[PDB]
Amino acid sequence: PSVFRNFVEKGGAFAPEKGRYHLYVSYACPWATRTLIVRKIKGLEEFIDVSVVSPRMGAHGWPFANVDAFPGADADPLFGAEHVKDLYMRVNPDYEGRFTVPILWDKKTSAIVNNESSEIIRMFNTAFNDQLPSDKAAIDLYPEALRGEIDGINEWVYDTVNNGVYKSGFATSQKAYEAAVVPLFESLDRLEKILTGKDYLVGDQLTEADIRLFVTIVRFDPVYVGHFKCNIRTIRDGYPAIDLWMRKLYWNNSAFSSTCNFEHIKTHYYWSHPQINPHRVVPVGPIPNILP
Amino acid sequence: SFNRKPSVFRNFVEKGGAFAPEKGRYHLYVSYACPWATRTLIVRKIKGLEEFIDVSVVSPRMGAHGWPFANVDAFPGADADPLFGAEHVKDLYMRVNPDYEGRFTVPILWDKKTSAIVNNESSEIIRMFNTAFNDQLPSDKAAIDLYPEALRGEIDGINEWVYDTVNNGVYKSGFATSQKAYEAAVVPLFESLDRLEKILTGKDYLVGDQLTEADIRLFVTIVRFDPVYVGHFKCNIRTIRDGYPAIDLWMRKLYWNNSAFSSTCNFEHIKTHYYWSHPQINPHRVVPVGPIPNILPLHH
């Protein structure tokens, strides 16, 4: 239940202006990786900067490179912040919500525009088109011919897959655990017969629906199988077409390979959850992280 | 780092000795989840001793007081203690020696006549179940020898590094409290699994093209490798199903073609024990739906 739900739209308080917005993310959080993937498909590395927090979350939440100097992590360049908490309590000092990543930060106002990944990739989809080159501005991860159909698939993929892995690993009872994994793999079987032969989830063109499914499927086999007990079967050997669909987004599209740091992924989940893995031991994991 | 503790009771059921092979004299305390106990049960049915040694099945939900019996924890397939009404396996060790400071492991070979423990080392128990009782068994069951002396050099050879890197290596992988000790155990394990993969390629048994104990000591670990050991012990470099086809296929030929490996294999007891009994590896005691199925069919 994320707060801050404002959009960067022309003629608004948050207008698409170059070098005005900063994106606080982690390479491990799948909702943050959404924003980053879309940020590179449309070439916005000149409109939105990115600070990568350390994956070893704990006690004080997401830390920055000054307190925890993990490879690939950035220090906070806007403020002297040590943890993501500092940006939330900057805007509201009695904020009782959570310190969720990603964060799209407005430098000009010094406030949070949005931290809901579904919308950030969608404002990263419109808004900035006037200032982008012709090829990168042509990309549309949400054309309205197949829009309504995307929200349909994105809705049950969100509930059973994107979030289903989380109610699997974080469940504290056997009953709640089983209530989450079975719909997860049932929807994975439904997704498996969708992507048989097809190369994309919808309409022969890469869409956000592929992206919201990719960031969780890319972490299914390394993390979600062992750490979240989503082990009915693996995407590697149980879902061959889902597997192959994922690897051609990975090896044939730069916005998925450069946005995928398995070190941050596996280190975060296994280290920052002491009540699922008390000794913070990260397995050598499935080798390799992803097949060719 | 995980350092196992050796067994204290190491007497044998042999010739004119204190422990002679007499029908209905010995009681075997086991659990369907313990792979070292499952050794005893596999050998007990290959050589047909179900009328010489009875078996009490301990509840798989170990915890606090160690292995409990069906009277304190009523899990399906678990038995109560019929000889002394014991609540936990600890009681049988403490019965014979009230100043016994060791651990309360299973299996237990109990001498009813002395009211004492004959043996609690699985490596030797499967070897006394192979000798001793041959005079009293039928010809078919007495002919079986899981340790013929022609191959008593290959068996101890393979059994030595299979125990250290595979049988016990899986335990020092999962029970490790540090990243280095974890990595120090998983790498030799899968290295020995690669070596095991090239041995059993084409072959039907580990040594000399016949069912030996070495096949039995390796089976009890491989059959639970994919269900428990991958997720719970983070031994997930590869799975036996899709990474080691010859080890996998070797295991399924012992499972589906020999009843003494299927009837001694209760996956529920296996998966419930490891996930419920280790609150320092899985604090909320949640047992995954696991790899489906527990073991692949004989045609794959």
# chains A, B, ... in the order shown; residues from 1 in each chain; ligands from 1
>>> residues_around(residues="stretch 131-135 of chain A", least_positions_apart="3", cutoff="10 Å", atoms="only C-alpha atoms", output="mmCIF file with N, CA and C atoms, in the first residue's frame")
data_model
loop_
_atom_site.group_PDB
_atom_site.id
_atom_site.type_symbol
_atom_site.label_atom_id
_atom_site.label_comp_id
_atom_site.auth_asym_id
_atom_site.auth_seq_id
_atom_site.Cartn_x
_atom_site.Cartn_y
_atom_site.Cartn_z
ATOM 1 N N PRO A 16 8.011 17.136 -17.090
ATOM 2 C CA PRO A 16 9.186 16.395 -17.568
ATOM 3 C C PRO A 16 10.323 17.322 -17.967
ATOM 4 N N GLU A 17 11.139 17.700 -16.987
ATOM 5 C CA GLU A 17 12.278 18.582 -17.196
ATOM 6 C C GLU A 17 13.576 17.809 -17.000
ATOM 7 N N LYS A 18 14.546 18.083 -17.871
ATOM 8 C CA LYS A 18 15.803 17.346 -17.888
ATOM 9 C C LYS A 18 16.612 17.563 -16.614
ATOM 10 N N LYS A 42 13.886 3.417 -23.019
ATOM 11 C CA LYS A 42 13.539 4.693 -23.627
ATOM 12 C C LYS A 42 14.653 5.727 -23.555
ATOM 13 N N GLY A 43 15.827 5.361 -23.042
ATOM 14 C CA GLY A 43 16.963 6.260 -22.994
ATOM 15 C C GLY A 43 16.706 7.516 -22.189
ATOM 16 N N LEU A 44 16.562 7.377 -20.869
ATOM 17 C CA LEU A 44 16.284 8.504 -19.988
ATOM 18 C C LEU A 44 17.410 8.722 -18.981
ATOM 19 N N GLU A 46 19.577 10.641 -19.048
ATOM 20 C CA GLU A 46 19.910 12.060 -19.110
ATOM 21 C C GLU A 46 18.763 12.913 -18.515
ATOM 22 N N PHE A 47 17.697 12.248 -18.057
ATOM 23 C CA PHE A 47 16.567 12.885 -17.399
ATOM 24 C C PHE A 47 16.374 12.413 -15.969
ATOM 25 N N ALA A 127 5.028 11.291 -20.950
ATOM 26 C CA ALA A 127 5.754 12.423 -20.385
ATOM 27 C C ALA A 127 6.918 12.899 -21.249
ATOM 28 N N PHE A 128 8.035 12.191 -21.181
ATOM 29 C CA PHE A 128 9.304 12.664 -21.715
ATOM 30 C C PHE A 128 9.448 12.505 -23.231
ATOM 31 N N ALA A 138 9.654 6.395 -29.865
ATOM 32 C CA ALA A 138 8.659 5.551 -30.519
ATOM 33 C C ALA A 138 8.195 4.414 -29.618
ATOM 34 N N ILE A 139 9.056 3.954 -28.706
ATOM 35 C CA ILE A 139 8.710 2.842 -27.827
ATOM 36 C C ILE A 139 7.467 3.181 -27.020
#
>>> interface_residues(of="chain B", to="chain A", cutoff="12 Å", atoms="only C-alpha atoms", output="ChimeraX atom specification")
/B:173-187,190,226-243,272,275-276,278-294
>>> select_by_dssp(residues="stretch 64-276 of chain A", states="helix (DSSP H, G or I)", output="PDB file with C-alpha atoms, in the first residue's frame")
ATOM      1  CA  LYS A  85      14.376   6.401   5.880  1.00  0.00           C
ATOM      2  CA  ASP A  86      16.071   9.808   5.722  1.00  0.00           C
ATOM      3  CA  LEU A  87      14.309  10.738   2.479  1.00  0.00           C
ATOM      4  CA  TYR A  88      10.876   9.755   3.814  1.00  0.00           C
ATOM      5  CA  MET A  89      11.339  11.660   7.080  1.00  0.00           C
ATOM      6  CA  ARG A  90      12.635  14.617   5.083  1.00  0.00           C
ATOM      7  CA  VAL A  91       9.209  15.108   3.483  1.00  0.00           C
ATOM      8  CA  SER A 117       6.742   0.948  -9.536  1.00  0.00           C
ATOM      9  CA  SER A 118       3.653   0.295 -11.679  1.00  0.00           C
ATOM     10  CA  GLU A 119       3.180   4.026 -12.306  1.00  0.00           C
ATOM     11  CA  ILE A 120       6.841   5.067 -12.506  1.00  0.00           C
ATOM     12  CA  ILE A 121       7.405   2.809 -15.517  1.00  0.00           C
ATOM     13  CA  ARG A 122       4.183   4.250 -16.980  1.00  0.00           C
ATOM     14  CA  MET A 123       5.169   7.879 -16.471  1.00  0.00           C
ATOM     15  CA  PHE A 128       9.304  12.664 -21.715  1.00  0.00           C
ATOM     16  CA  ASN A 129       8.535  11.831 -25.378  1.00  0.00           C
ATOM     17  CA  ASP A 130       8.854  15.403 -26.680  1.00  0.00           C
ATOM     18  CA  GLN A 131      12.505  15.576 -25.555  1.00  0.00           C
ATOM     19  CA  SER A 134      12.893   9.519 -32.611  1.00  0.00           C
ATOM     20  CA  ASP A 135      13.716   5.833 -32.069  1.00  0.00           C
ATOM     21  CA  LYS A 136      13.608   5.864 -28.258  1.00  0.00           C
ATOM     22  CA  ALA A 137      10.427   7.968 -28.155  1.00  0.00           C
ATOM     23  CA  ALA A 138       8.659   5.551 -30.519  1.00  0.00           C
ATOM     24  CA  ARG A 147      -4.120  -1.692 -22.913  1.00  0.00           C
ATOM     25  CA  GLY A 148      -7.233  -3.087 -21.207  1.00  0.00           C
ATOM     26  CA  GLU A 149      -5.970  -6.558 -22.042  1.00  0.00           C
ATOM     27  CA  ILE A 150      -2.644  -5.803 -20.332  1.00  0.00           C
ATOM     28  CA  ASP A 151      -4.265  -4.662 -17.082  1.00  0.00           C
ATOM     29  CA  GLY A 152      -6.128  -7.974 -17.091  1.00  0.00           C
ATOM     30  CA  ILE A 153      -2.991 -10.108 -17.295  1.00  0.00           C
ATOM     31  CA  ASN A 154      -0.978  -7.708 -15.120  1.00  0.00           C
ATOM     32  CA  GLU A 155      -3.647  -8.029 -12.411  1.00  0.00           C
ATOM     33  CA  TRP A 156      -3.535 -11.756 -11.820  1.00  0.00           C
ATOM     34  CA  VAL A 157       0.186 -11.921 -12.594  1.00  0.00           C
ATOM     35  CA  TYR A 158       0.612  -9.322  -9.846  1.00  0.00           C
ATOM     36  CA  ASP A 159      -1.553 -11.118  -7.293  1.00  0.00           C
ATOM     37  CA  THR A 160      -0.329 -14.690  -7.836  1.00  0.00           C
ATOM     38  CA  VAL A 161       3.203 -14.266  -9.278  1.00  0.00           C
ATOM     39  CA  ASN A 162       4.696 -10.812  -8.602  1.00  0.00           C
ATOM     40  CA  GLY A 164       2.650 -14.615  -4.712  1.00  0.00           C
ATOM     41  CA  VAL A 165       6.334 -15.385  -4.179  1.00  0.00           C
ATOM     42  CA  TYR A 166       6.329 -12.899  -1.285  1.00  0.00           C
ATOM     43  CA  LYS A 167       3.322 -14.384   0.511  1.00  0.00           C
ATOM     44  CA  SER A 168       5.059 -17.726  -0.009  1.00  0.00           C
ATOM     45  CA  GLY A 169       8.338 -16.905   1.715  1.00  0.00           C
ATOM     46  CA  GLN A 174       1.672 -23.774   6.921  1.00  0.00           C
ATOM     47  CA  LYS A 175      -1.883 -22.877   5.920  1.00  0.00           C
ATOM     48  CA  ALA A 176      -1.022 -19.406   4.595  1.00  0.00           C
ATOM     49  CA  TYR A 177       2.095 -20.766   2.870  1.00  0.00           C
ATOM     50  CA  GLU A 178       0.172 -23.402   0.911  1.00  0.00           C
ATOM     51  CA  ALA A 179      -2.542 -20.851   0.090  1.00  0.00           C
ATOM     52  CA  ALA A 180       0.067 -18.805  -1.831  1.00  0.00           C
ATOM     53  CA  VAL A 181       2.399 -21.263  -3.596  1.00  0.00           C
ATOM     54  CA  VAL A 182      -0.355 -23.303  -5.274  1.00  0.00           C
ATOM     55  CA  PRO A 183      -1.984 -20.276  -6.984  1.00  0.00           C
ATOM     56  CA  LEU A 184       1.542 -19.127  -7.867  1.00  0.00           C
ATOM     57  CA  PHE A 185       2.401 -22.292  -9.804  1.00  0.00           C
ATOM     58  CA  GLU A 186      -1.154 -22.567 -11.141  1.00  0.00           C
ATOM     59  CA  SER A 187      -0.746 -19.134 -12.735  1.00  0.00           C
ATOM     60  CA  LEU A 188       2.741 -20.157 -13.885  1.00  0.00           C
ATOM     61  CA  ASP A 189       1.180 -23.087 -15.747  1.00  0.00           C
ATOM     62  CA  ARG A 190      -1.295 -20.619 -17.251  1.00  0.00           C
ATOM     63  CA  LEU A 191       1.584 -18.314 -18.189  1.00  0.00           C
ATOM     64  CA  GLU A 192       3.466 -21.320 -19.566  1.00  0.00           C
ATOM     65  CA  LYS A 193       0.780 -22.166 -22.126  1.00  0.00           C
ATOM     66  CA  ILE A 194       0.553 -18.480 -23.059  1.00  0.00           C
ATOM     67  CA  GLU A 208       5.378  -3.610 -19.552  1.00  0.00           C
ATOM     68  CA  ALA A 209       3.491  -6.853 -18.869  1.00  0.00           C
ATOM     69  CA  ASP A 210       6.666  -8.669 -19.916  1.00  0.00           C
ATOM     70  CA  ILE A 211       8.730  -6.379 -17.676  1.00  0.00           C
ATOM     71  CA  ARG A 212       6.665  -6.787 -14.503  1.00  0.00           C
ATOM     72  CA  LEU A 213       6.805 -10.560 -15.012  1.00  0.00           C
ATOM     73  CA  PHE A 214      10.506 -10.584 -15.922  1.00  0.00           C
ATOM     74  CA  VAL A 215      11.869  -9.039 -12.712  1.00  0.00           C
ATOM     75  CA  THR A 216      10.215 -11.745 -10.598  1.00  0.00           C
ATOM     76  CA  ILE A 217      10.925 -14.655 -12.959  1.00  0.00           C
ATOM     77  CA  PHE A 220      12.550 -17.138  -9.271  1.00  0.00           C
ATOM     78  CA  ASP A 221      15.245 -19.790  -9.743  1.00  0.00           C
ATOM     79  CA  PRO A 222      18.135 -18.143  -7.810  1.00  0.00           C
ATOM     80  CA  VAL A 223      16.207 -16.712  -4.852  1.00  0.00           C
ATOM     81  CA  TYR A 224      12.511 -17.531  -4.869  1.00  0.00           C
ATOM     82  CA  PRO A 240      10.900 -24.411 -20.556  1.00  0.00           C
ATOM     83  CA  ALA A 241       9.038 -21.789 -22.607  1.00  0.00           C
ATOM     84  CA  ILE A 242       8.822 -19.358 -19.679  1.00  0.00           C
ATOM     85  CA  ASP A 243      12.554 -19.943 -19.215  1.00  0.00           C
ATOM     86  CA  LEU A 244      13.373 -19.310 -22.882  1.00  0.00           C
ATOM     87  CA  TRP A 245      11.111 -16.243 -22.997  1.00  0.00           C
ATOM     88  CA  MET A 246      13.109 -14.797 -20.103  1.00  0.00           C
ATOM     89  CA  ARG A 247      16.569 -15.468 -21.541  1.00  0.00           C
ATOM     90  CA  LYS A 248      15.862 -13.758 -24.871  1.00  0.00           C
ATOM     91  CA  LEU A 249      14.754 -10.659 -22.996  1.00  0.00           C
ATOM     92  CA  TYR A 250      18.003 -11.004 -21.035  1.00  0.00           C
ATOM     93  CA  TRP A 251      20.652 -11.813 -23.651  1.00  0.00           C
ATOM     94  CA  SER A 254      20.535  -4.601 -23.032  1.00  0.00           C
ATOM     95  CA  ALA A 255      17.959  -3.075 -20.672  1.00  0.00           C
ATOM     96  CA  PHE A 256      17.518  -6.455 -18.943  1.00  0.00           C
ATOM     97  CA  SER A 257      21.146  -7.624 -18.730  1.00  0.00           C
ATOM     98  CA  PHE A 262      22.628 -11.371  -9.352  1.00  0.00           C
ATOM     99  CA  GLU A 263      25.055 -10.508  -6.540  1.00  0.00           C
ATOM    100  CA  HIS A 264      22.718  -7.804  -5.215  1.00  0.00           C
ATOM    101  CA  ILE A 265      19.694 -10.078  -5.741  1.00  0.00           C
ATOM    102  CA  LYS A 266      20.930 -13.147  -3.864  1.00  0.00           C
ATOM    103  CA  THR A 267      22.814 -11.163  -1.212  1.00  0.00           C
ATOM    104  CA  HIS A 268      19.750  -9.091  -0.295  1.00  0.00           C
ATOM    105  CA  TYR A 269      17.123 -11.812   0.134  1.00  0.00           C
ATOM    106  CA  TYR A 270      19.385 -14.246   1.986  1.00  0.00           C
ATOM    107  CA  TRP A 271      21.143 -11.658   4.173  1.00  0.00           C
TER     108      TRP A 271
END
>>> residues_around(residues="residue B:14", least_positions_apart="4", cutoff="12 Å", atoms="only C-alpha atoms", output="JSON, numbers by chain")
{"B": [18, 19, 20, 21, 22, 118, 124, 125, 127, 128, 129, 130, 131, 132, 133, 134, 135]}
>>> write_last_selection(atoms="N, CA, C and O atoms", output="mmCIF file, in the first residue's frame")
data_model
loop_
_atom_site.group_PDB
_atom_site.id
_atom_site.type_symbol
_atom_site.label_atom_id
_atom_site.label_comp_id
_atom_site.auth_asym_id
_atom_site.auth_seq_id
_atom_site.Cartn_x
_atom_site.Cartn_y
_atom_site.Cartn_z
ATOM 1 N N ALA B 18 28.201 -62.271 23.680
ATOM 2 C CA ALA B 18 27.130 -61.742 24.519
ATOM 3 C C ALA B 18 25.895 -61.384 23.704
ATOM 4 O O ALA B 18 24.769 -61.500 24.201
ATOM 5 N N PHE B 19 26.078 -60.951 22.462
ATOM 6 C CA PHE B 19 24.976 -60.626 21.561
ATOM 7 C C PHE B 19 25.006 -61.620 20.400
ATOM 8 O O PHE B 19 25.732 -61.436 19.422
ATOM 9 N N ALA B 20 24.220 -62.710 20.536
ATOM 10 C CA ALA B 20 24.071 -63.782 19.566
ATOM 11 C C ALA B 20 22.825 -63.571 18.712
ATOM 12 O O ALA B 20 21.833 -63.004 19.180
ATOM 13 N N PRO B 21 22.841 -64.012 17.447
ATOM 14 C CA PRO B 21 21.672 -63.812 16.582
ATOM 15 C C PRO B 21 20.518 -64.722 16.964
ATOM 16 O O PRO B 21 20.370 -65.813 16.403
ATOM 17 N N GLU B 22 19.692 -64.290 17.909
ATOM 18 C CA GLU B 22 18.552 -65.074 18.355
ATOM 19 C C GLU B 22 17.263 -64.409 17.897
ATOM 20 O O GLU B 22 17.129 -63.182 17.948
ATOM 21 N N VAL B 118 22.914 -52.479 22.011
ATOM 22 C CA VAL B 118 23.974 -53.221 21.336
ATOM 23 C C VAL B 118 24.813 -52.290 20.476
ATOM 24 O O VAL B 118 26.048 -52.289 20.551
ATOM 25 N N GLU B 124 27.935 -50.177 11.021
ATOM 26 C CA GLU B 124 28.141 -51.531 11.517
ATOM 27 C C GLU B 124 26.841 -52.325 11.595
ATOM 28 O O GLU B 124 26.855 -53.540 11.370
ATOM 29 N N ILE B 125 25.720 -51.669 11.905
ATOM 30 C CA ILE B 125 24.451 -52.384 12.040
ATOM 31 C C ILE B 125 24.053 -53.035 10.722
ATOM 32 O O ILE B 125 23.596 -54.185 10.693
ATOM 33 N N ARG B 127 26.058 -54.092 8.669
ATOM 34 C CA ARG B 127 27.030 -55.155 8.454
ATOM 35 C C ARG B 127 26.788 -56.362 9.354
ATOM 36 O O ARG B 127 27.145 -57.484 8.975
ATOM 37 N N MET B 128 26.196 -56.165 10.536
ATOM 38 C CA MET B 128 25.764 -57.306 11.337
ATOM 39 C C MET B 128 24.464 -57.906 10.823
ATOM 40 O O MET B 128 24.255 -59.118 10.948
ATOM 41 N N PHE B 129 23.585 -57.085 10.244
ATOM 42 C CA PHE B 129 22.394 -57.608 9.588
ATOM 43 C C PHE B 129 22.731 -58.393 8.327
ATOM 44 O O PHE B 129 21.845 -59.045 7.768
ATOM 45 N N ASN B 130 23.986 -58.345 7.884
ATOM 46 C CA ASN B 130 24.466 -59.032 6.695
ATOM 47 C C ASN B 130 25.138 -60.353 7.021
ATOM 48 O O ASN B 130 25.086 -61.289 6.217
ATOM 49 N N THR B 131 25.752 -60.439 8.195
ATOM 50 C CA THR B 131 26.384 -61.658 8.683
ATOM 51 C C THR B 131 25.427 -62.328 9.675
ATOM 52 O O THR B 131 24.246 -62.445 9.351
ATOM 53 N N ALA B 132 25.892 -62.792 10.844
ATOM 54 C CA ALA B 132 25.099 -63.259 11.973
ATOM 55 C C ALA B 132 23.968 -64.219 11.629
ATOM 56 O O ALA B 132 24.105 -65.440 11.777
ATOM 57 N N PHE B 133 22.859 -63.677 11.154
ATOM 58 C CA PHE B 133 21.608 -64.411 11.048
ATOM 59 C C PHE B 133 21.529 -65.337 9.840
ATOM 60 O O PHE B 133 20.449 -65.878 9.586
ATOM 61 N N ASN B 134 22.624 -65.567 9.113
ATOM 62 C CA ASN B 134 22.522 -66.317 7.863
ATOM 63 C C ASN B 134 22.118 -67.765 8.110
ATOM 64 O O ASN B 134 21.393 -68.356 7.301
ATOM 65 N N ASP B 135 22.588 -68.357 9.211
ATOM 66 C CA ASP B 135 22.228 -69.737 9.522
ATOM 67 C C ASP B 135 20.722 -69.916 9.661
ATOM 68 O O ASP B 135 20.187 -70.974 9.310
#
>>> residues_around(residues="stretch 202-217 of chain B", least_positions_apart="5", cutoff="7 Å", atoms="only C-alpha atoms", output="list in words")
residues 39, 146, 147, 154, 155, 159 and 250 of chain B
>>> residues_around(residues="residue B:72", least_positions_apart="6", cutoff="10 Å", atoms="only C-alpha atoms", output="ChimeraX atom specification")
/B:59,80,86-88
>>> write_last_selection(atoms="N, CA, C and O atoms", output="CSV table (one decimal), in the first residue's frame")
chain,number,residue,atom,x,y,z
B,59,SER,N,8.5,-40.4,15.9
B,59,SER,CA,7.9,-39.3,15.3
B,59,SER,C,8.9,-38.4,14.6
B,59,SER,O,10.0,-38.2,15.1
B,80,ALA,N,4.5,-45.9,19.3
B,80,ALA,CA,4.8,-45.8,20.7
B,80,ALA,C,5.9,-46.8,21.0
B,80,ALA,O,6.2,-47.8,20.3
B,86,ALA,N,8.7,-45.3,26.6
B,86,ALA,CA,9.6,-44.1,26.6
B,86,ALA,C,8.9,-43.0,25.9
B,86,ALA,O,8.2,-43.2,24.9
B,87,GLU,N,9.1,-41.8,26.4
B,87,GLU,CA,8.6,-40.6,25.7
B,87,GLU,C,9.5,-40.0,24.7
B,87,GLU,O,9.1,-39.6,23.6
B,88,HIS,N,10.8,-40.1,24.9
B,88,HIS,CA,11.8,-39.7,23.9
B,88,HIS,C,13.0,-40.7,23.8
B,88,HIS,O,13.2,-41.5,24.7
